[PDB]
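Novice: Okay, handing you the structure first.
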Amino acid sequence: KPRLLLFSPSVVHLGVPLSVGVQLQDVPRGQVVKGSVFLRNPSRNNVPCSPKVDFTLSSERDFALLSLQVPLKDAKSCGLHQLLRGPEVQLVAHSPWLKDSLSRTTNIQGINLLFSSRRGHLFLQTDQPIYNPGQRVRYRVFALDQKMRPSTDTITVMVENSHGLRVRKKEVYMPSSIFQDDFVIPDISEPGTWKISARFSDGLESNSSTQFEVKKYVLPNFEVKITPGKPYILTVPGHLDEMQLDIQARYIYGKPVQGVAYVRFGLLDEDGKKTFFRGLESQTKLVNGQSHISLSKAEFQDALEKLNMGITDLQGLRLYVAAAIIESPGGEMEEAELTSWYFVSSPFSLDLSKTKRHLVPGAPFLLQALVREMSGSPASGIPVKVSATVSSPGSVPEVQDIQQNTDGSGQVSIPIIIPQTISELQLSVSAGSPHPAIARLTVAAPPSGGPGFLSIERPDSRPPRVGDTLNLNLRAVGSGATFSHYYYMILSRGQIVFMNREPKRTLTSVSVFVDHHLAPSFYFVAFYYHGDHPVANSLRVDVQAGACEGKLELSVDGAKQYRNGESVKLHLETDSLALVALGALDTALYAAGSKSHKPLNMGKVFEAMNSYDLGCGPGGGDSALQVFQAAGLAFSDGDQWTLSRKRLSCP
Amino acid sequence: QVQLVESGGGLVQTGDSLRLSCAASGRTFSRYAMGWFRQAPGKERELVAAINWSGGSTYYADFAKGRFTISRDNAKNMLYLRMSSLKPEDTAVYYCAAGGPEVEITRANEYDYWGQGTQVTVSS
Amino acid sequence: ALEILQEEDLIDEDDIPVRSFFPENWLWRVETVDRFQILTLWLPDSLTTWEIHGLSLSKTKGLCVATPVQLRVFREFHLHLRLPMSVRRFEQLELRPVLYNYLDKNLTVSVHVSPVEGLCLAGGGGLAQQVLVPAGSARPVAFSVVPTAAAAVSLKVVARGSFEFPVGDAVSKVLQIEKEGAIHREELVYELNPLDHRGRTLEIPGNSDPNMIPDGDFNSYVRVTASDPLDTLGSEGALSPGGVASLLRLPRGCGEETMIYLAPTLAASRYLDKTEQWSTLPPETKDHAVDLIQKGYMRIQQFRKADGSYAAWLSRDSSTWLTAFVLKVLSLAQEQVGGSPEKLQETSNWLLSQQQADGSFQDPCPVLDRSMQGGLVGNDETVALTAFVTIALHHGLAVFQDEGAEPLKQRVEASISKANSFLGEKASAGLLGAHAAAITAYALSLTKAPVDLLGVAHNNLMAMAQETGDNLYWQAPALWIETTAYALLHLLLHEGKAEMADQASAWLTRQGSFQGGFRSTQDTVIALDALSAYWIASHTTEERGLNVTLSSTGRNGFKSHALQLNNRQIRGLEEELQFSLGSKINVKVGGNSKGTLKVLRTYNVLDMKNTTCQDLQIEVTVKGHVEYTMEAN
Amino acid sequence: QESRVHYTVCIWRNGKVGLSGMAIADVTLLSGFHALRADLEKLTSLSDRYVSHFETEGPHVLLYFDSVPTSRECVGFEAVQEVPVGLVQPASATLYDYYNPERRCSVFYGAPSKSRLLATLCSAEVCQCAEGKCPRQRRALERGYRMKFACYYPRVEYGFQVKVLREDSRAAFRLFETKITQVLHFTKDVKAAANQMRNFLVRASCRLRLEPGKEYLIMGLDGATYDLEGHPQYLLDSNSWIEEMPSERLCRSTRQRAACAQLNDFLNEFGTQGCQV
Ligand SMILES: *[C@@H]1O[C@H](CO)[C@@H](O[C@@H]2O[C@H](CO)[C@@H](O[C@@H]3O[C@H](CO)[C@@H](O)[C@H](O)[C@@H]3O)[C@H](O)[C@H]2NC(C)=O)[C@H](O)[C@H]1NC(C)=O
Ligand SMILES: *[C@@H]1O[C@H](CO)[C@@H](O[C@@H]2O[C@H](CO)[C@@H](O[C@@H]3O[C@H](CO)[C@@H](O)[C@H](O)[C@@H]3O)[C@H](O)[C@H]2NC(C)=O)[C@H](O)[C@H]1NC(C)=O
């Protein structure tokens, strides 16, 4: 009947403090337990891989969020680097309370974990996206830790060439968390993409790298862009969408190009075989740097008869537009392609990945979807109709139909009513009018035993920013309320950030302050007990912040309009004492690249924070163990326990 | 290296005009950017004026706008400083200095080559 | 008539600022900014737009990048000189500067190319060309240039207008001249093997090609690849970590009865340690298994007599096999349990008191339950008693610590070596048993037998190896599991992971995969000691090094490049290899891994055919008379 | 009053075994011409019109062709004159393939009265420039002084008096096989001695007549080309001193006694001691 609870994230990162949660449950009033918790290495006797931290839990202060320090000296001396098969380690809580009171076989209760030598964050940018053979390559790296503060650990950098061989290697200390370096491309080197990797010296699994292209090129004077009127084309048998495109052709320095636009058309498959149109070629004069070309509906079906196909054979595929203009007095030419204009079946895209599974019978099922334009932005104001058919538990099936428009950025949140004793749930989701997009989904019920079920609902379906206090409601469904308290914890970036309790009431609520520690993604895992069996549920809430902790604003003032050689005052503004790494890049390099490389923005910084996220899916579970290990936790109460996962697979 | 020689300075009264000159040996004078500096006795170096390596645009300090004029002749390897309306707080050793194209203006340490400096003394 | 032109009404050329500095990236500096900072800088001569990015790294507010600045430069009247990528010497090209007029005035601009040494221009370079450029339009001015020099020629193109409206621009840009001939790559592939004697040292020929241009040499690079992984497909294992957890038992009855529970409990713990399957179980099961050994170590100490002799009860006389069987177990439990070292030193002293005159071991009274002895009971009982103490004294040899028992340790190995004179005499006889030969030759290779008396028990054991199907062994039989398990521990010492041991390990894994696991005492303990030694030996690959050294003599003098490859992270290495010419190169190779060497010598080759337009064709012929100015006669 | 000239453009293909498709004609006119627009759209309204689209702006004509044949196909047009042209100089014309623009063909074309390629002197593997006015024959005594020209203003590299023999005519040049009389000074050709085979070349479009059999004084700058027999080869151009040596009928006269003495004392000062006293 009494339990000791032990929580940790499923993957330990070495050199990083490991967040360990400990909790007493169903303990009498005048009881105080004591003990320790540490990482232990089996098969090297019981030598610890961490110094222990002591914990003390009373009956009224029955939970403690600990920070177990994981040093690299104790992790190598215990023997984890000399281990075979796979990277596995054990978190062990030691207390004589389990032996001298609960009469269990050991004074030990723990869990099985994975360990990783991947730590910190390394960001690195180059001098250029594309370089000629024989040109200097400058690169900088930036060393940070888990707390997004600059780190001082010694790193190793290497440069791999176009075939993939190490041509340069430096191991340098980080007193100021940066490293500038320069090297030269060989004069007779083949074209390709190179790879600059950075890695900590004692952290063996620190993948962080960016790539640059090597190509023979002379720098262009003007960039050619091919913009269609729509990013899609409907292949409905009754209606065909129009095929009109606009070729803006401007110089790099602003002014439009006086020239003649020469256009060829064609079709392209998934393998990469180009099939051109013999005939139907366009040759137009540029006025104000633009060329609005149009492909007629009578000319389009005539070209398919030359290729002996029809309008029903456009199920996959994409329409290929290659354009090469010539400057009408200059004699200079540049090319441009258009390779992302697919033949589609619907102008909208369905994303039901935010809709959770394994949902509680007797609770409302939260159908949350994302409506996006086809190869474009998320669209708002689109109606979504859901036909929900509940299958038979022994009675007749019943059909529900609930319609709701999309609020903002394609977010729709449709609650549908699910009763008790469901067998399965079949969904038929239709979105858009006319020509809808369809999606089918079959979700399974929990098994017919029922220890109790827990429902988590979200009243405000808006994604909050940093500073918004979000409210959530908790109701226990389907069993007798023999419990007294709910217990919750907030999971973010593969650590346990905050952990607290909340007393049980009629209509029970809790407020969670969305902090900047809680990432663009955080989890909310809450549970209780019904006797000696766990009942759990979880929920994923994303944060739409997208802002720095400090700031960095660059500004060149005035009304622009600068000549060459003039003096420019570049203004630098920041919130703290900061090292500011700068660079002024030529926009004409973006037209010379065959594949235009995408550099470093702030959106790549926020997705590096969720690389340490250990959870898969929106949350939930038909079991109470499947809630925990889909959130990324490992747990043991003494009888039920989680198995160790197999890296970040999640089938 | 490319070397610098200053001339033109001397004793003068308050409110007069003066034409400074900076001779430059070497052949790659058109590839380097120039700039006249000054250093008061007791204080560090500051900028008076600076001109591009091509001689296409000029920069002047906040006290030097309107009163002073910098010019470049790349055919004779010369640098001039046409000065007017002198004040007794302008008494400094006037230096001539060379630097690259990607150089900053207020930083004195980032310039490459230097001369010896000429003395301009303004009395009242 | 229609020949209106300007004639020296033009500007001074030196009054035009010449455009010469055209980089593609600039402002590459790191500044220390205390809140606010202004950098006063100078724009380059390239007429594009600039994207200025920035990255802040503060110690208190962390990492932040900036929204980039689109900074646009514009000259309004300018000329653009786009070069080709590479032009050969004595190849006539057309330089095409294009005048650009974005003003609302009909201009008249004279354009000339300045005469630089290394270019043959039209008229020597002094001649200029006028063209009038309309308002808001652009005009090209062609120049037919042939180069002369081999390196680089800095040419300047100057465009100047009149004093009716002073316009002007000048572009100076360095032209890159390709060397004489075409490029030529030569690959000299060499499969490396420093192991055995296939390429431990070698020489490489030179390349005195008669197609070589004599001054157009390039650098020649070396690159080396060690494509040698390790295929995992040869170690399925798949032995169940649940039936081994059923073997973690508490010691129960007397001295015989304890060891059929205690010695499979230690052999389950020593298996699950060395196969590292404690993650499939809770970690409470490990600390349970320590306490089962911790109570069981000092449980047999109640049965310990006052001379190091062991029996089932205290009133029963002592057995020789059982005293060796506990000395085998408690020596391995000395790592787990910090017991008394010197009490086990007198345990082996009683076993040396029953030494025969010829080197045998004799048991005066055996144990009661002879199923604990396993496959020892048979016609060769005297052979199996002698080899089992030889296993037992070698495991107990580590308990002999410091120098206090080291003179008694000399008496241990002298009684082993006299028993090797008796076990080696029975092994060189020939006709032994199936179980009696497997326990004999494994005991010889532990205690370091002489190799003439060691290998004759190796070949006699390998003759008894009746295999069928895709299995190799010596409905489940209970007695044949122990015989295969002693032979698998011996085979890993002579040929570690061999062609037969990879398949003979897979046989008795299937024998332990039946319901109930193993069905006696000795086939449980030794086979879990055999498959634990196999699973380490099948997952221990560490082939590395590949030391390689190259050396040459010539234009550089003597120089040499040495490099080691293998840390088994990197897929290959490439270096610059600044060596001489195509002459005189010596290679010395070391290490012990498979490699692939490639030497990439690049140089310039012959000219051959021009191949001047054989697919497409274009021709143009003009006739008539055009008025000209200046020239000579 | 306006003046104009006429063009003739003829293309075809041999690319039935190569990359096929349509074609874009990209030509460059002369430095002060623009094309007459009404002559170009004559080939846009015909039935077998060849050109399907045109657009010009100044000295640049763009023509789209829809079909390319294996036989000769010719289109002619006109272009007027804006400004006189200040230099004799060719231009280019590039014919691109319409579906594969990296496969193209660029052929130069020259003036109607002059040649196509620039003037250059190519012998063995090294060529040399051959532009810059024309060398003139000086007579001096019928009309600067030699030591001022020998050392200070061009710095003359070779000094030779030489005997003219055979006059050839190879391509756009007129070669002169010679025989060395006296070696004065040498920069390149260290192994120069008397009675050696030297080829002096001149531009064939210039008016320079050279007399065979007589002995001249020729001074100038060394070249980078070598002759067919292995000797260094020399070029007659600007900064070259061409004076014939006067005959013994002239220097034995009384009027040119002190005048020939300036010429003979130059041969002993510069031939035995050289420049700078
Ligand atoms: C982490 O570092 C390792 C080495 O430092 C790198 O790993 C591997 O990179 C290769 C790139 O060639 C990956 O291969 C790919 O294979 C698939 C077929 O499954 C093919 O379709 C791709 O085109 C590509 O060739 C490989 O998966 C990857 N991982 C491993 C374990 O070998 C890489 O820098 C980092 N690895 C990852 C997964 O980010
Ligand atoms: C720069 O030069 C161009 C010449 O190329 C100037 O353009 C011209 O403007 C005059 C305005 O009187 C045009 O003349 C007219 O001719 C037509 C002939 O049909 C007649 O009907 C009208 O009554 C008038 O007389 C002339 O045609 C035109 N040139 C061209 C080629 O179209 C231009 O104005 C000059 N720019 C400036 C700012 O002055």
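Here chain A follows Swiss-Prot, giving residues 20-670 in order.
Here the Cβ of each residue, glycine as well, is placed from N, Cα and C on the backbone.
Here Swiss-Prot flags A:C68-A:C97, A:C635-A:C669 as disulfide bond. Per Swiss-Prot, the feature N-linked glycosylation site maps to A:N226; the stated evidence is experimental evidence.
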Novice: Just give me the nearest neighbour of A:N226 (N-linked glycosylation site) among the disulfide-bonded residues A:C68, A:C97, A:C669, Cα to Cα.
Specialist: A:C669
Novice: Rank the disulfide-bonded residues A:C68, A:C97, A:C635, A:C669 by the number of other Cβ atoms within 10 Å of each Cβ and report the first-ranked residue.
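Specialist: Output for this query is A:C68.
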Novice: Should we count any of the recorded positions A:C68, A:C97, A:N226, A:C635, A:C669 as near ligand 1, judged by a CB under 6 A from one of its atoms, and which?
Specialist: A:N226
Novice: What's the number of neighbouring CB atoms sitting within 10 A of the CB on A:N226 (N-linked glycosylation site)?
Specialist: 10
Novice: At the Cα level, what's the spacing in Å between A:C669 (disulfide bond) and A:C68 (disulfide bond), rounded?
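Specialist: So the alpha carbons of A:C669 (disulfide bond) and A:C68 (disulfide bond) sit roughly 28 Å from each other.
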Novice: I need the CA-to-CA distance for A:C97 (disulfide bond) versus A:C635 (disulfide bond), whole Å please.
Specialist: 31
Novice: For A:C97 (disulfide bond), what is the secondary structure by DSSP, using just helix, strand and coil?
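Specialist: Where A:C97 (disulfide bond) sits, the three-state DSSP reduction gives helix.
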Novice: Any idea what the Cα distance is from A:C68 (disulfide bond) over to A:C635 (disulfide bond), rounded to a whole Å?
Specialist: 28
